[PDB]
Every structure is written in C-alpha cells, then in structure tokens.
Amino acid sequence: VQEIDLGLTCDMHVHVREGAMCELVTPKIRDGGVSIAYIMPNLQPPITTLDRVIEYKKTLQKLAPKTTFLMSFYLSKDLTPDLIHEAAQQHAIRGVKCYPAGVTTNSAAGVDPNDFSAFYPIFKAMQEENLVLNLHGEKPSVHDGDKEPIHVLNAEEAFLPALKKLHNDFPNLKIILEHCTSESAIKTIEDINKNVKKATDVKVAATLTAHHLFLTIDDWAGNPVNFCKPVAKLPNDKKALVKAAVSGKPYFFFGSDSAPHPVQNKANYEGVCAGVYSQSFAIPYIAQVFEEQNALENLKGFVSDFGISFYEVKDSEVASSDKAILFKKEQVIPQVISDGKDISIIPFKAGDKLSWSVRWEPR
C-alpha cells in the first residue's frame, strides 16, 4: 500500500513501429507508467521528411491522446540544414537520432561514425535550433587492418572518442549517448560532466534502459529474447550502469529502448532481430532496481526530473497533467503481449514477479 508519486514520467528512447504493432504498443506507454515519450525514427523507410514526422506524431496521438510525444529525424544524407530549421521552427522534432550503418535494426541507411564531418551542416543547424543529437554509440565491427579489432563487446568503448570530438566541436549542442552499456562509457559521461553544478548545465547526457540494469552476456547467450544492441556486457559493466542509474546525477536518465518485435522475428536460426520489449512494465522494472539498491528516493529524478530538464519539456506541451503513481502491489509479468490478432511479443522478464504496479492520479 506504499505509494511513490513520480509526477510526469519520461521515457526518452521509445520504438513504437508502424501498422498493427504501433496500435498494440503505443497505448502501453501510458500503461507502463510513462507520460512523455521520445520516439525513435528508424522506420522502414527512416523518418527523414517533414510531412512523414508530422503524420507519424498525429498517428501516435490518435492512439494515445494522454501521452506526450517528442519526435525525431533519422540522421541521413537526405537531411539539409534548411529542413532542420523548418522542422524545428514548426516544433515537428525535438532531435535527430544517429545510427551507425549496420549495427542494429533498420540501420542500413545509417552513417559512418568515421566521417561524422559530413553531417556538420546538420549539427550546426541543430545547435542553432536547440535540438538534441541522439547517438547510438557503437563503432561498426572490424577484425582486420592496422587497428585493434572492434567487436560487439568493445564497439561502444571504441565510439567514445567520436563522442568527445563531437562535444568538442559543438560545445553548445545537447548530445545524448543513448543506452549506455559499458563501465567505460559511464566514466566518460561523468568526466565530461566534471564541472557541472546544476542540472541545467548538462550538455552531454546518457540514457539507461531497464534491461541493461538486469542483463549480462549470460542472459542472452542462447536466449535471443534478451539480445539487443548494444549487447549486454559483463557483470562489472552491469554494476556500473546500476550505480549510475541510482546516482542522482542529472546526466543519467531513463530511456527504455523498448524495441518490439513479433515473436517469430526473435525465434530465427539466423538474423535474429535485436531488441527487448519493456514498454508494458517500464517504470515497474526500474522501481525493482531502485528498491534493490535502497535508492527509491532517487527514482523520481531518474525517470522524471532529469529527462524533463534536459529536453526542456514545458507544461504547455504536455498532453495530460496526470501523475504516475507507483504502488507496492505485486504483479506477474505475462508470457506474451498480444493484440489478439497476428502479433505476439515476448515481454522482458516474462513470468517474473514485480513488487510495484503503476496507476495515474489527476492534477
């Protein structure tokens, strides 16, 4: 019967796809306890045009009238500085998401993190419009050449100098290292923020998923349902991520990277789709971690305050002022999330018990 008032919760890294999948999962943002969602653009084809991002947002709002949607473009050679200014001036986007080519779902149209300079006109326009640059910070794999090989376990660490160069070259650009998975990345974000004294001083932040606070390599070795990018790494990495999430620092906040796939796309003998589905119980998953760490006092900062501050979400843009309330009523995660038609998704931690449930309080 214990309750925690989390206010206007934020999930700053959401995939809702299109079609019937989108109709199934978009109402789960609210059901999982999230008021505000930052919507990723890696559709097929990626979202790179104004009319597409406008229609997509209106489609989400039709499906969930109480959810606040922040939208993004997919970083691509199709983008122009003029397009960035137009989209920003119409409040059609809040940021631009960068996928390195080949590293994850629908990243074939993505970029080379060896030649980010080709997108400096875009970053310049984003900086002028106070838009956020979201990075999938993994270098593409390479096992040859003059250089130490890059593989799924060190690809994030190998990306960190690209992060530092972007922050150096665009010091007023807000940049997010999305879904951090390595101890090395946590330390880099902390070191970048060494001189920050209030939350509004943060320019470079990192999001943390629910599933990387639980998983290590042992959990997805043999279990495609736990396979995502960046891959869950070693116990020392998991410990560093959990310490960061409960740290109370303004430069870490919640982004689930909830990535829904129909079960048949996870049960492949080759080319398994990467992604973990956590939307249905997003805030309860996080509460489990914060309870185990005796850090529930810091839950609201991680899932509400810090994301709102970083994205400068105004009360005038919220779709609903309802507050998310956690209450300590145990529940069992179902085996599947289904639309009763052709889509079944296996949820993260299917079959496990969670100590907290989430409801909504007006005003």
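Superpose the two forms; the largest set of C-alphas matching within 1.5 Å is the rigid core. All residue numbers refer to positions in the sequence shown, first residue = 1.
- Taken in 6 other deposited structures of this protein and fitted on the core, 144 to 152 and 258 to 266 differ in how far their Cα atoms move from the shown form, and the one that moves more is 144 to 152.
- As the entry records it, the average C-alpha temperature factor is higher for 74 to 82, out of 74 to 82 and 259 to 267.
- The PDB entry reports B-factors from which the mean C-alpha value can be compared for 224 to 232 and 115 to 123; the larger average falls on 115 to 123.
- Among 95, 250, 140, 137, the highest C-alpha B-factor in the deposited entry belongs to 140.
- Remark: of 195, 154, 278, 288, 195 shows the highest value [criterion: C-alpha B-factor in the PDB entry].
- Among all modelled residues in its chain, residue 349 ranks in the middle third by Cα B-factor.
- Per the deposited record, the Cα B-factor of residue 15 falls in the lowest third when ranked against the other modelled residues of its chain.
- Ranked by Cα temperature factor within the chain, residue 44 sits in the highest third according to the deposited record.
- Among the modelled residues of its chain, residue 91 has a C-alpha B-factor that falls in the highest third according to the deposited record.
- When the modelled residues of the chain are ordered by their C-alpha B factor, residue 298 lands in the middle third.
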